[PDB]
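protein.csv follows; it contains CSV, N, CA and C atoms.
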chain,number,residue,atom,x,y,z
B,140,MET,N,2.4,-24.4,8.3
B,140,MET,CA,1.2,-23.5,8.5
B,140,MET,C,1.6,-22.1,7.9
B,141,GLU,N,2.6,-21.4,8.5
B,141,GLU,CA,3.0,-20.1,8.1
B,141,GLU,C,1.9,-19.1,8.2
B,142,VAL,N,2.1,-18.3,9.3
B,142,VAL,CA,1.1,-17.2,9.6
B,142,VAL,C,1.1,-16.2,8.5
B,143,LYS,N,-0.1,-15.6,8.2
B,143,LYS,CA,-0.3,-14.6,7.2
B,143,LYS,C,0.6,-13.3,7.5
B,144,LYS,N,1.8,-13.3,7.1
B,144,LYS,CA,2.7,-12.2,7.3
B,144,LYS,C,2.6,-11.1,6.2
B,145,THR,N,2.9,-9.9,6.5
B,145,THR,CA,2.9,-8.8,5.6
B,145,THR,C,4.0,-9.0,4.5
B,146,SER,N,3.7,-9.8,3.5
B,146,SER,CA,4.6,-10.2,2.5
B,146,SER,C,4.7,-9.1,1.4
B,147,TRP,N,4.8,-7.8,1.9
B,147,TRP,CA,4.9,-6.7,1.0
B,147,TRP,C,6.4,-6.3,0.8
B,148,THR,N,6.8,-6.0,-0.4
B,148,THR,CA,8.2,-5.6,-0.7
B,148,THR,C,8.3,-4.1,-0.4
B,149,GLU,N,9.6,-3.7,-0.1
B,149,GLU,CA,9.8,-2.3,0.1
B,149,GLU,C,9.5,-1.5,-1.1
B,150,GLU,N,9.7,-2.0,-2.3
B,150,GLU,CA,9.4,-1.4,-3.5
B,150,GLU,C,7.9,-1.1,-3.6
B,151,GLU,N,7.1,-2.1,-3.4
B,151,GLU,CA,5.6,-1.9,-3.4
B,151,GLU,C,5.3,-0.7,-2.5
B,152,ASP,N,5.7,-0.8,-1.2
B,152,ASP,CA,5.4,0.2,-0.2
B,152,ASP,C,5.9,1.6,-0.7
B,153,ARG,N,7.1,1.6,-1.4
B,153,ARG,CA,7.6,2.9,-1.9
B,153,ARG,C,6.6,3.5,-2.9
B,154,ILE,N,6.3,2.7,-3.9
B,154,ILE,CA,5.4,3.2,-4.9
B,154,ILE,C,4.0,3.5,-4.3
B,155,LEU,N,3.6,2.7,-3.3
B,155,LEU,CA,2.3,3.0,-2.7
B,155,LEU,C,2.2,4.4,-2.1
B,156,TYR,N,3.2,4.7,-1.3
B,156,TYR,CA,3.3,6.0,-0.6
B,156,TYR,C,3.5,7.1,-1.6
B,157,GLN,N,4.4,6.9,-2.6
B,157,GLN,CA,4.6,7.9,-3.6
B,157,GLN,C,3.3,8.2,-4.4
B,158,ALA,N,2.6,7.2,-4.8
B,158,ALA,CA,1.3,7.4,-5.5
B,158,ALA,C,0.3,8.0,-4.6
B,159,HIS,N,0.2,7.5,-3.4
B,159,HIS,CA,-0.9,8.0,-2.5
B,159,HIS,C,-0.9,9.5,-2.4
B,160,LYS,N,0.2,10.1,-2.3
B,160,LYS,CA,0.2,11.6,-2.2
B,160,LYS,C,0.3,12.3,-3.6
B,161,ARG,N,0.9,11.6,-4.5
B,161,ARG,CA,1.1,12.2,-5.9
B,161,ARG,C,-0.3,12.2,-6.6
B,162,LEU,N,-0.8,11.0,-6.8
B,162,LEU,CA,-2.1,10.8,-7.5
B,162,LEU,C,-3.2,11.2,-6.5
B,163,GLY,N,-3.2,10.7,-5.3
B,163,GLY,CA,-4.2,11.0,-4.3
B,163,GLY,C,-4.7,9.6,-3.7
B,164,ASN,N,-5.8,9.7,-3.0
B,164,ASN,CA,-6.3,8.5,-2.4
B,164,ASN,C,-7.2,7.7,-3.4
B,165,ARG,N,-6.7,7.7,-4.7
B,165,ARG,CA,-7.4,7.0,-5.8
B,165,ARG,C,-6.9,5.6,-5.8
B,166,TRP,N,-7.1,4.8,-4.7
B,166,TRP,CA,-6.7,3.5,-4.6
B,166,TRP,C,-7.1,2.6,-5.8
B,167,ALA,N,-8.3,2.8,-6.3
B,167,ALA,CA,-8.7,2.1,-7.5
B,167,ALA,C,-7.7,2.3,-8.7
B,168,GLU,N,-7.3,3.6,-8.9
B,168,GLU,CA,-6.3,3.9,-9.9
B,168,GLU,C,-4.9,3.5,-9.6
B,169,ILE,N,-4.5,3.6,-8.3
B,169,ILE,CA,-3.2,3.2,-7.9
B,169,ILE,C,-2.9,1.7,-8.2
B,170,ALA,N,-3.9,0.9,-8.1
B,170,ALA,CA,-3.8,-0.5,-8.4
B,170,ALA,C,-3.4,-0.7,-9.9
B,171,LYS,N,-3.7,0.3,-10.7
B,171,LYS,CA,-3.3,0.2,-12.1
B,171,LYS,C,-1.8,0.1,-12.2
B,172,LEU,N,-1.1,0.7,-11.3
B,172,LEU,CA,0.4,0.6,-11.2
B,172,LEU,C,0.8,-0.6,-10.4
B,173,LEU,N,-0.1,-1.0,-9.4
B,173,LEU,CA,0.2,-2.1,-8.5
B,173,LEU,C,-0.9,-3.2,-8.7
B,174,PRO,N,-0.9,-3.9,-9.8
B,174,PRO,CA,-1.9,-5.0,-10.0
B,174,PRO,C,-1.8,-6.1,-8.9
B,175,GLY,N,-2.8,-7.0,-8.8
B,175,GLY,CA,-2.7,-8.1,-7.9
B,175,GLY,C,-3.2,-7.6,-6.5
B,176,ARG,N,-2.6,-6.5,-6.0
B,176,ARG,CA,-2.9,-5.9,-4.7
B,176,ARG,C,-4.3,-5.3,-4.8
B,177,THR,N,-5.3,-5.8,-4.1
B,177,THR,CA,-6.6,-5.3,-4.1
B,177,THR,C,-6.7,-4.1,-3.2
B,178,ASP,N,-7.8,-3.3,-3.4
B,178,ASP,CA,-8.0,-2.1,-2.6
B,178,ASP,C,-8.0,-2.5,-1.1
B,179,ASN,N,-8.7,-3.5,-0.7
B,179,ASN,CA,-8.8,-3.9,0.7
B,179,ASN,C,-7.4,-4.3,1.2
B,180,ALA,N,-6.6,-5.0,0.4
B,180,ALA,CA,-5.3,-5.3,0.8
B,180,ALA,C,-4.4,-4.1,0.9
B,181,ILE,N,-4.5,-3.2,0.0
B,181,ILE,CA,-3.7,-2.0,-0.1
B,181,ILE,C,-4.0,-1.1,1.2
B,182,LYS,N,-5.3,-0.9,1.4
B,182,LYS,CA,-5.7,-0.1,2.6
B,182,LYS,C,-5.3,-0.8,3.9
B,183,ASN,N,-5.5,-2.2,3.9
B,183,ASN,CA,-5.1,-2.9,5.1
B,183,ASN,C,-3.6,-2.7,5.4
B,184,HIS,N,-2.8,-2.8,4.3
B,184,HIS,CA,-1.4,-2.5,4.3
B,184,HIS,C,-1.1,-1.1,4.7
B,185,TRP,N,-1.9,-0.2,4.2
B,185,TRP,CA,-1.6,1.3,4.4
B,185,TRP,C,-1.9,1.6,5.8
B,186,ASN,N,-3.0,1.0,6.4
B,186,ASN,CA,-3.3,1.3,7.8
B,186,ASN,C,-2.4,0.6,8.8
B,187,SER,N,-2.1,-0.7,8.5
B,187,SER,CA,-1.3,-1.5,9.4
B,187,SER,C,0.2,-1.1,9.4
B,188,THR,N,0.7,-0.9,8.2
B,188,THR,CA,2.2,-0.6,8.0
B,188,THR,C,2.5,0.9,8.1
B,189,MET,N,2.0,1.7,7.1
B,189,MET,CA,2.4,3.1,7.1
B,189,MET,C,1.7,3.9,8.2
B,190,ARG,N,0.4,4.0,8.2
B,190,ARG,CA,-0.4,4.7,9.3
B,190,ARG,C,-0.5,3.8,10.5
B,191,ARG,N,0.6,3.2,10.9
B,191,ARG,CA,0.6,2.3,12.1
B,191,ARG,C,0.2,3.2,13.4
B,192,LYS,N,0.6,4.4,13.4
B,192,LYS,CA,0.3,5.4,14.4
B,192,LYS,C,0.4,6.8,13.9
B,193,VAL,N,-0.8,7.4,13.9
B,193,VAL,CA,-0.9,8.8,13.4
B,193,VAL,C,-1.1,9.7,14.6

Now, as a test, write the supplied structure out as structure tokens.
Amino acid sequence: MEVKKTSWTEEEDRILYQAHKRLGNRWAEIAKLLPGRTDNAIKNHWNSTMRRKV
């Protein structure tokens, strides 16, 4: 079965956070550097992992 786990690499998350503040909330453009990862997946990851508690 294998439950849908957050199969994100530390590297991806690193670039994600770096880009988020450097480029901005330009998720559409950030995916240019992080292909495959869709906006919904990125944001889902961003809200669940990074902004787990604000």

TODO: Grab the atom CA of residue B:153 to atom CA of residue B:140 distance for me, in Å with one decimal place.
DONE: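 We find that atom CA of residue B:153 and atom CA of residue B:140 lie 29.1 Å from each other.
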
- [ ] Would you mind listing what lies within 8 Å of residue B:166 as a list in words, with all atoms listed in the file counted and same-chain residues fewer than 6 positions away left out?
- [x]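 Contacts, in chain order: residues 159, 177, 178, 181 and 182 of chain B.
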
Open item on the list: For the alpha helix (DSSP H) assignment from backbone DSSP, which residues of chain B qualify? Please present them as a ChimeraX atom specification.
Closed with: /B:149-161,166-172,178-187

Open item on the list: Rounded to one decimal, what separation in Å do you get between atom N of residue B:192 and atom CA of residue B:173?
Closed with: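 Atom N of residue B:192 sits 22.8 Å away from atom CA of residue B:173.
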
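The space between atom CA of residue B:150 and atom CA of residue B:186 spans 17.2 Å.
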
- [ ] Compile the contact shell of residue B:155 as a PyMOL selection string: residues with an atom at most 12 Å away, counting only C-alpha atoms, same-chain residues fewer than 2 positions apart removed.
- [x] chain B and resi 147-153+157-166+168-174+176+178+180-182+184-185+188-189
